[PDB]
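The file start04.cif comes next; it holds mmCIF, C-alpha atoms and all ligand atoms.
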```cif
data_final
loop_
_atom_site.label_atom_id
_atom_site.label_comp_id
_atom_site.auth_asym_id
_atom_site.auth_seq_id
_atom_site.Cartn_x
_atom_site.Cartn_y
_atom_site.Cartn_z
CA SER A 57 -11.95 -8.95 14.54
CA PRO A 58 -8.39 -7.42 14.04
CA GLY A 59 -8.19 -9.32 10.73
CA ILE A 60 -11.43 -8.07 9.23
CA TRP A 61 -11.62 -5.67 6.27
CA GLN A 62 -14.50 -4.30 4.16
CA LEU A 63 -13.87 -3.72 0.47
CA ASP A 64 -16.05 -1.34 -1.52
CA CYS A 65 -16.02 0.57 -4.73
CA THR A 66 -16.69 4.16 -5.53
CA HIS A 67 -16.67 6.24 -8.74
CA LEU A 68 -15.44 9.73 -9.55
CA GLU A 69 -14.64 11.37 -12.83
CA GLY A 70 -15.51 8.14 -14.55
CA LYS A 71 -12.77 6.22 -12.82
CA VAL A 72 -12.99 3.40 -10.31
CA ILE A 73 -11.64 3.63 -6.79
CA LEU A 74 -11.38 0.61 -4.53
CA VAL A 75 -11.56 1.35 -0.77
CA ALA A 76 -10.53 -1.19 1.89
CA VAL A 77 -11.62 -0.26 5.43
CA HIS A 78 -10.15 -1.97 8.46
CA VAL A 79 -13.47 -2.34 10.25
CA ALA A 80 -12.20 -2.11 13.89
CA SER A 81 -10.20 1.13 13.38
CA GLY A 82 -11.59 2.95 10.32
CA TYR A 83 -8.10 2.92 8.64
CA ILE A 84 -8.29 2.92 4.86
CA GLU A 85 -6.33 1.79 1.90
CA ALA A 86 -7.62 3.11 -1.40
CA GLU A 87 -6.56 3.45 -4.98
CA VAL A 88 -7.72 4.14 -8.45
CA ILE A 89 -7.79 1.06 -10.68
CA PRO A 90 -8.39 1.06 -14.52
CA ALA A 91 -11.51 -1.07 -14.48
CA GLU A 92 -13.60 -2.94 -11.91
CA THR A 93 -12.46 -6.40 -13.08
CA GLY A 94 -11.48 -9.59 -11.27
CA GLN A 95 -7.92 -9.20 -12.16
CA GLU A 96 -7.62 -5.64 -10.86
CA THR A 97 -9.54 -6.58 -7.71
CA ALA A 98 -7.30 -9.63 -7.09
CA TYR A 99 -4.17 -7.51 -7.42
CA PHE A 100 -5.50 -4.89 -4.94
CA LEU A 101 -6.27 -7.60 -2.41
CA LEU A 102 -2.90 -9.31 -2.85
CA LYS A 103 -1.27 -5.95 -2.17
CA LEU A 104 -3.32 -5.32 0.93
CA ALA A 105 -2.71 -8.80 2.31
CA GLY A 106 1.02 -8.29 2.10
CA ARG A 107 0.91 -5.18 4.19
CA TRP A 108 -1.55 -6.06 7.02
CA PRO A 109 -2.72 -9.32 8.66
CA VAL A 110 -5.86 -9.80 6.57
CA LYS A 111 -8.02 -12.77 7.63
CA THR A 112 -11.47 -11.94 6.15
CA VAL A 113 -12.53 -9.43 3.48
CA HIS A 114 -16.18 -8.59 3.21
CA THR A 115 -17.04 -7.53 -0.37
CA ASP A 116 -20.15 -6.50 -2.28
CA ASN A 117 -20.08 -9.96 -3.97
CA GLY A 118 -20.66 -8.40 -7.41
CA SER A 119 -19.33 -9.16 -10.84
CA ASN A 120 -15.68 -8.80 -10.11
CA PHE A 121 -15.87 -11.47 -7.33
CA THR A 122 -17.44 -14.35 -9.23
CA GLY A 123 -14.37 -15.25 -11.22
CA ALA A 124 -11.27 -17.41 -10.97
CA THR A 125 -8.63 -14.77 -10.38
CA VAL A 126 -9.94 -13.24 -7.16
CA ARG A 127 -10.61 -16.74 -5.77
CA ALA A 128 -6.98 -17.81 -6.60
CA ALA A 129 -5.38 -14.73 -5.08
CA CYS A 130 -7.48 -15.00 -1.86
CA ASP A 131 -6.66 -18.67 -1.54
CA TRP A 132 -2.96 -18.05 -1.92
CA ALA A 133 -2.99 -15.25 0.59
CA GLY A 134 -5.22 -17.04 3.07
CA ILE A 135 -8.06 -14.51 2.92
CA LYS A 136 -11.54 -15.77 3.51
CA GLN A 137 -14.40 -14.16 1.63
CA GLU A 152 -21.66 4.54 2.46
CA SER A 153 -20.51 7.18 4.93
CA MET A 154 -16.89 6.08 4.14
CA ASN A 155 -17.14 6.45 0.39
CA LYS A 156 -18.88 9.75 0.99
CA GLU A 157 -16.28 10.90 3.49
CA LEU A 158 -13.44 10.02 1.15
CA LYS A 159 -15.14 11.83 -1.80
CA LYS A 160 -15.57 14.87 0.39
CA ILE A 161 -11.81 14.99 1.19
CA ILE A 162 -10.94 14.28 -2.44
CA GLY A 163 -12.98 17.33 -3.43
CA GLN A 164 -11.08 19.52 -0.99
CA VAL A 165 -7.70 18.59 -2.54
CA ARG A 166 -8.61 17.91 -6.05
CA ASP A 167 -7.30 21.13 -7.56
CA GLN A 168 -3.87 20.49 -5.94
CA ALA A 169 -3.22 17.51 -8.22
CA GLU A 170 -3.18 16.99 -11.96
CA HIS A 171 -4.38 13.39 -11.67
CA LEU A 172 -7.26 11.93 -9.66
CA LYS A 173 -4.98 9.18 -8.35
CA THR A 174 -2.82 11.74 -6.53
CA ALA A 175 -5.87 13.41 -4.99
CA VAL A 176 -7.07 10.03 -3.74
CA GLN A 177 -3.77 9.33 -1.94
CA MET A 178 -3.82 12.82 -0.44
CA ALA A 179 -7.29 11.96 0.89
CA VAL A 180 -6.11 8.71 2.24
CA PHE A 181 -3.33 10.53 4.07
CA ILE A 182 -5.75 13.05 5.50
CA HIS A 183 -8.29 10.46 6.49
CA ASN A 184 -5.78 8.21 8.19
CA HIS A 185 -3.79 10.88 10.03
CA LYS A 186 -6.64 13.29 11.11
CA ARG A 187 -6.85 13.54 14.97
CA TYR A 194 -6.24 9.14 18.08
CA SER A 195 -5.97 8.90 14.34
CA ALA A 196 -7.12 5.83 12.37
CA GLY A 197 -3.50 5.03 11.58
CA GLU A 198 -2.76 5.03 15.30
CA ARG A 199 -5.83 2.89 16.08
CA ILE A 200 -5.01 0.14 13.60
CA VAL A 201 -1.48 -0.38 14.90
CA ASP A 202 -2.81 -0.35 18.54
CA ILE A 203 -5.41 -3.01 17.72
CA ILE A 204 -3.03 -5.28 15.84
CA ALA A 205 -0.26 -4.88 18.43
CA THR A 206 -2.63 -5.79 21.22
CA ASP A 207 -3.71 -8.83 19.24
CA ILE A 208 -0.10 -10.08 18.69
CA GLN A 209 0.44 -9.69 22.46
CA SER B 57 13.49 5.77 15.08
CA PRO B 58 9.99 4.38 14.25
CA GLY B 59 9.58 7.02 11.57
CA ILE B 60 12.58 6.25 9.43
CA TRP B 61 12.37 4.56 6.03
CA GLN B 62 14.92 3.77 3.33
CA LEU B 63 13.92 3.99 -0.29
CA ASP B 64 15.81 2.13 -3.00
CA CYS B 65 15.37 0.99 -6.51
CA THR B 66 15.92 -2.29 -8.21
CA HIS B 67 15.52 -3.62 -11.77
CA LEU B 68 14.15 -6.85 -13.21
CA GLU B 69 12.94 -7.72 -16.67
CA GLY B 70 13.51 -4.20 -17.90
CA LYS B 71 11.18 -2.75 -15.24
CA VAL B 72 11.72 -0.56 -12.19
CA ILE B 73 10.76 -1.54 -8.71
CA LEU B 74 10.85 0.89 -5.78
CA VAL B 75 11.42 -0.69 -2.36
CA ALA B 76 10.76 1.13 0.90
CA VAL B 77 12.19 -0.51 3.98
CA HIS B 78 11.12 0.43 7.52
CA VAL B 79 14.60 0.40 8.95
CA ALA B 80 13.76 -0.58 12.54
CA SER B 81 11.67 -3.63 11.55
CA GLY B 82 12.70 -4.73 8.01
CA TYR B 83 9.05 -4.35 6.83
CA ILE B 84 8.86 -3.54 3.13
CA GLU B 85 6.53 -1.81 0.73
CA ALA B 86 7.39 -2.34 -2.91
CA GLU B 87 5.83 -1.59 -6.30
CA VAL B 88 6.69 -1.78 -10.00
CA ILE B 89 6.56 1.72 -11.48
CA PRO B 90 6.71 2.61 -15.26
CA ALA B 91 9.83 4.75 -15.07
CA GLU B 92 12.25 6.00 -12.38
CA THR B 93 10.98 9.61 -12.58
CA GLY B 94 10.29 12.27 -10.04
CA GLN B 95 6.61 12.06 -10.61
CA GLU B 96 6.45 8.31 -10.08
CA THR B 97 8.72 8.55 -7.03
CA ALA B 98 6.59 11.36 -5.52
CA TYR B 99 3.43 9.30 -5.95
CA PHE B 100 5.00 6.23 -4.31
CA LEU B 101 6.12 8.31 -1.33
CA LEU B 102 2.74 10.07 -0.99
CA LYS B 103 1.15 6.60 -0.93
CA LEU B 104 3.52 5.32 1.71
CA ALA B 105 3.14 8.38 3.94
CA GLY B 106 -0.61 7.89 4.03
CA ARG B 107 -0.35 4.38 5.37
CA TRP B 108 2.45 4.64 8.00
CA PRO B 109 3.87 7.47 10.19
CA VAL B 110 6.70 8.44 7.88
CA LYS B 111 9.05 11.13 9.35
CA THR B 112 12.27 10.73 7.30
CA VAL B 113 12.99 8.82 4.09
CA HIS B 114 16.60 8.15 3.21
CA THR B 115 17.06 7.89 -0.53
CA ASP B 116 19.88 7.39 -3.04
CA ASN B 117 19.75 11.10 -3.88
CA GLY B 118 19.82 10.39 -7.66
CA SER B 119 18.14 11.88 -10.65
CA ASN B 120 14.56 11.31 -9.58
CA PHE B 121 15.11 13.32 -6.35
CA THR B 122 16.48 16.53 -7.74
CA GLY B 123 13.20 17.86 -9.07
CA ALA B 124 10.21 19.88 -8.01
CA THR B 125 7.60 17.17 -7.61
CA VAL B 126 9.26 14.84 -4.96
CA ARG B 127 10.14 17.98 -3.00
CA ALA B 128 6.45 19.20 -3.19
CA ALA B 129 5.00 15.83 -2.23
CA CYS B 130 7.45 15.40 0.70
CA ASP B 131 6.72 18.92 1.94
CA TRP B 132 3.00 18.30 1.84
CA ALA B 133 3.30 15.05 3.72
CA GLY B 134 5.77 16.29 6.25
CA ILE B 135 8.61 13.91 5.26
CA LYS B 136 12.13 15.07 5.66
CA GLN B 137 14.75 13.92 3.12
CA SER B 153 20.86 -7.59 1.06
CA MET B 154 17.22 -6.41 0.69
CA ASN B 155 17.06 -5.82 -3.01
CA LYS B 156 18.84 -9.18 -3.35
CA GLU B 157 16.50 -10.89 -0.93
CA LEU B 158 13.43 -9.57 -2.58
CA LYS B 159 14.70 -10.66 -6.13
CA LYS B 160 15.38 -14.10 -4.70
CA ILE B 161 11.75 -14.43 -3.49
CA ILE B 162 10.44 -12.97 -6.77
CA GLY B 163 12.29 -15.70 -8.56
CA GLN B 164 10.64 -18.39 -6.41
CA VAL B 165 7.14 -17.19 -7.42
CA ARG B 166 7.65 -15.68 -10.79
CA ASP B 167 6.14 -18.53 -12.80
CA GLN B 168 2.90 -18.26 -10.69
CA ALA B 169 2.08 -14.89 -12.23
CA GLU B 170 1.64 -13.54 -15.73
CA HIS B 171 2.88 -10.10 -14.75
CA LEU B 172 5.98 -9.08 -12.84
CA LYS B 173 3.89 -6.71 -10.67
CA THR B 174 1.96 -9.66 -9.22
CA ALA B 175 5.12 -11.58 -8.47
CA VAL B 176 6.52 -8.55 -6.66
CA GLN B 177 3.46 -8.35 -4.40
CA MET B 178 3.61 -12.05 -3.68
CA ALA B 179 7.21 -11.46 -2.64
CA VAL B 180 6.28 -8.62 -0.45
CA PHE B 181 3.71 -10.82 1.23
CA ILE B 182 6.21 -13.58 1.78
CA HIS B 183 8.89 -11.26 3.05
CA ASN B 184 6.65 -9.48 5.49
CA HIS B 185 4.80 -12.50 6.90
CA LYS B 186 7.70 -15.03 7.08
CA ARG B 187 8.51 -16.00 10.60
CA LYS B 188 10.80 -18.33 12.52
CA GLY B 189 8.62 -18.74 15.63
CA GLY B 193 10.34 -15.34 16.25
CA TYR B 194 8.10 -12.66 14.76
CA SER B 195 7.55 -11.51 11.22
CA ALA B 196 8.44 -8.05 9.88
CA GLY B 197 4.77 -7.14 9.73
CA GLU B 198 4.50 -8.00 13.41
CA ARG B 199 7.70 -6.05 14.28
CA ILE B 200 6.58 -2.83 12.57
CA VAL B 201 3.21 -2.74 14.34
CA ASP B 202 4.93 -3.51 17.73
CA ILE B 203 7.43 -0.63 17.21
CA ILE B 204 4.90 1.96 16.14
CA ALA B 205 2.47 1.01 18.91
CA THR B 206 5.20 1.19 21.55
CA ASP B 207 6.07 4.63 20.24
CA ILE B 208 2.39 5.84 20.45
CA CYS C 2 2.89 23.51 -8.51
CA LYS C 3 0.81 20.39 -8.06
CA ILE C 4 1.77 17.48 -5.88
CA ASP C 5 2.16 15.44 -9.08
CA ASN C 6 3.42 18.03 -11.46
CA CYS C 7 5.51 20.83 -10.03
CA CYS D 2 -4.15 -20.70 -13.18
CA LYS D 3 -1.98 -17.78 -12.26
CA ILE D 4 -2.55 -15.44 -9.36
CA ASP D 5 -3.34 -12.70 -11.97
CA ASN D 6 -4.91 -14.80 -14.73
CA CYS D 7 -6.87 -17.90 -13.75
CL CL A 301 -15.94 -3.74 -5.75
CL CL A 302 15.26 5.42 -6.54
#
```
Could I get this structure in the form of structure tokens?
Amino acid sequence: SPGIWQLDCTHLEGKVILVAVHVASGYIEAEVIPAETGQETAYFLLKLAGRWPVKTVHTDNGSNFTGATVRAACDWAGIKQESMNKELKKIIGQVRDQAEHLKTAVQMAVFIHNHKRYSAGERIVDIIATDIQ
Amino acid sequence: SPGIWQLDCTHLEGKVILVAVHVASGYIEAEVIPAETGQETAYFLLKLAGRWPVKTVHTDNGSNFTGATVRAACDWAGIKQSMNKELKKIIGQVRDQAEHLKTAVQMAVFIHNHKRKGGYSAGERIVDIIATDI
Amino acid sequence: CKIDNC
Amino acid sequence: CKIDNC
């Protein structure tokens, strides 16, 4: 269970945001990507998998998951294949006017989400540390 | 301290890579960015600070740190203001497996952070240090 | 002064 | 088949 993540997409201002939720803790990684393509999705996962011990990613199994590039990146990295989107959009709306670019506002929301008080950021480290022990 | 990170830059193929090292564990976060500018540097730090409990970030104090936008991002986030060679070595091992340098960098990050001798990896060490501190 | 353009 | 273009 420590290794399990849920990947979803959400849309604001005509841009695409990918959201990875560490299921056991509620910790999130999110970013704006230029299009909801295999290649962009593969790169996001590769990034994630380098930062956390990612065993299984549950996805929506849509168009950006049927292709060769996601499959190759997951293989390499050893990854097996609405409240949250709404929560994140809520926070984004609270900070939006503080940033020129949506991408900045997203990362401010990530910060807020993960550090709000334990925090999610505290919970993920606790769960992984207990697992390594 | 668990909260201390070192930020450096390195250059390959005409591109800029920013490397943040968690000093107590050797865990790294790295990204290709389009230019070594305040705005890009501020964004990278904002991103980092949302993912880990970042208290202090030691930087090279160069041109991309003298401006208004790193200072504003760091204020907001509450951050107070060998490895490059190692990372370029790993990038070279994987480079031909990727079209784009950015992908190779993230493969290198993965390798660096998950490599272990049997004892622990850097990814394991950072979690153990932050959890002990909580 | 925005977080990305001060 | 590259990790970013297979
Ligand atoms: Cl998706
Ligand atoms: Cl720098």
Can you write out as a Markdown table which residues of chain A fall within 10 Å of chain D, alongside each residue's closest atom pair and its distance in Å to one decimal, counting only C-alpha atoms and ordering rows by chain and ascending residue number?
```
| residue | atom | partner | partner_atom | distance |
| --- | --- | --- | --- | --- |
| A:94 | CA | D:5 | CA | 8.7 |
| A:95 | CA | D:5 | CA | 5.8 |
| A:96 | CA | D:5 | CA | 8.3 |
| A:97 | CA | D:5 | CA | 9.7 |
| A:98 | CA | D:5 | CA | 7.0 |
| A:99 | CA | D:5 | CA | 7.0 |
| A:102 | CA | D:4 | CA | 8.9 |
| A:123 | CA | D:7 | CA | 8.3 |
| A:124 | CA | D:7 | CA | 5.2 |
| A:125 | CA | D:7 | CA | 4.9 |
| A:126 | CA | D:4 | CA | 8.0 |
| A:127 | CA | D:7 | CA | 8.9 |
| A:128 | CA | D:4 | CA | 5.7 |
| A:129 | CA | D:4 | CA | 5.2 |
| A:130 | CA | D:4 | CA | 9.0 |
| A:131 | CA | D:4 | CA | 9.4 |
| A:132 | CA | D:4 | CA | 7.9 |
| A:133 | CA | D:4 | CA | 10.0 |
```
Limited to C-alpha atoms, could you put the picked residues into a file as a compact mmCIF listing (two decimals), in the frame of the given file?
```
# COMPACT_ATOMS: atom_id res chain seq x y z
CA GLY A 94 -11.48 -9.59 -11.27
CA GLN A 95 -7.92 -9.20 -12.16
CA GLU A 96 -7.62 -5.64 -10.86
CA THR A 97 -9.54 -6.58 -7.71
CA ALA A 98 -7.30 -9.63 -7.09
CA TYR A 99 -4.17 -7.51 -7.42
CA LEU A 102 -2.90 -9.31 -2.85
CA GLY A 123 -14.37 -15.25 -11.22
CA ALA A 124 -11.27 -17.41 -10.97
CA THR A 125 -8.63 -14.77 -10.38
CA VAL A 126 -9.94 -13.24 -7.16
CA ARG A 127 -10.61 -16.74 -5.77
CA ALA A 128 -6.98 -17.81 -6.60
CA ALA A 129 -5.38 -14.73 -5.08
CA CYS A 130 -7.48 -15.00 -1.86
CA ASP A 131 -6.66 -18.67 -1.54
CA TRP A 132 -2.96 -18.05 -1.92
CA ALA A 133 -2.99 -15.25 0.59
```
task: Using only C-alpha atoms, determine which residues of chain B fall within 9 Å of chain C; present them as a ChimeraX atom specification.
output: /B:94-96,98-99,102,123-130,132
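For chain B, the residues no farther than 6 Å from chain A when using all atoms listed in the file are residues 103, 106, 177, 180, 181, 201, 202 and 205 of chain B.
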- request: All residues within 10 Å of ligand CL 301 (chain A) are required, counting only C-alpha atoms and all ligand atoms; please report them as a ChimeraX atom specification.
  value: /A:63-66,72-76,92-94,96-97,115-121
- line: From atom CA of residue 137 of chain B to atom CA of residue 72 of chain B the spacing works out at 21.3 Å
task: List all protein, DNA and RNA residues that have an atom no more than 8 Å from any atom of ligand CL 302 (chain A), counting only C-alpha atoms and all ligand atoms, and report them as a ChimeraX atom specification.
output: /B:63-66,74,92,97,115-118,120-121
message: Can you measure atom CA of residue 86 of chain B to atom CA of residue 174 of chain B for me? One decimal in Å is fine.
response: 11.1 Å
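Put simply, atom CA of residue 188 of chain B is 14.8 Å away from atom CA of residue 81 of chain B.
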Can chain C be brought up to N, CA, C and O atoms and written out as a PDB file, in the coordinates of the input?
```pdb
ATOM      1  N   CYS C   2       2.255  24.630  -9.195  1.00  0.00           N
ATOM      2  CA  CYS C   2       2.890  23.510  -8.510  1.00  0.00           C
ATOM      3  C   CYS C   2       1.921  22.534  -7.845  1.00  0.00           C
ATOM      4  O   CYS C   2       1.443  22.665  -6.707  1.00  0.00           O
ATOM      5  N   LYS C   3       1.680  21.447  -8.594  1.00  0.00           N
ATOM      6  CA  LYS C   3       0.810  20.390  -8.060  1.00  0.00           C
ATOM      7  C   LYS C   3       1.685  19.336  -7.513  1.00  0.00           C
ATOM      8  O   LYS C   3       2.850  19.176  -7.966  1.00  0.00           O
ATOM      9  N   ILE C   4       1.138  18.590  -6.618  1.00  0.00           N
ATOM     10  CA  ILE C   4       1.770  17.480  -5.880  1.00  0.00           C
ATOM     11  C   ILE C   4       2.274  16.404  -6.819  1.00  0.00           C
ATOM     12  O   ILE C   4       3.141  15.621  -6.401  1.00  0.00           O
ATOM     13  N   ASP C   5       1.715  16.396  -8.051  1.00  0.00           N
ATOM     14  CA  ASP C   5       2.160  15.440  -9.080  1.00  0.00           C
ATOM     15  C   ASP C   5       2.704  16.090 -10.293  1.00  0.00           C
ATOM     16  O   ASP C   5       2.973  15.343 -11.170  1.00  0.00           O
ATOM     17  N   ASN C   6       2.860  17.390 -10.308  1.00  0.00           N
ATOM     18  CA  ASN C   6       3.420  18.030 -11.460  1.00  0.00           C
ATOM     19  C   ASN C   6       3.788  19.425 -11.056  1.00  0.00           C
ATOM     20  O   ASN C   6       2.927  20.319 -11.181  1.00  0.00           O
ATOM     21  N   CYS C   7       4.977  19.503 -10.441  1.00  0.00           N
ATOM     22  CA  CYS C   7       5.510  20.830 -10.030  1.00  0.00           C
ATOM     23  C   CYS C   7       6.636  21.223 -11.044  1.00  0.00           C
ATOM     24  O   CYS C   7       6.841  22.398 -11.263  1.00  0.00           O
TER      25      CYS C   7
END
```
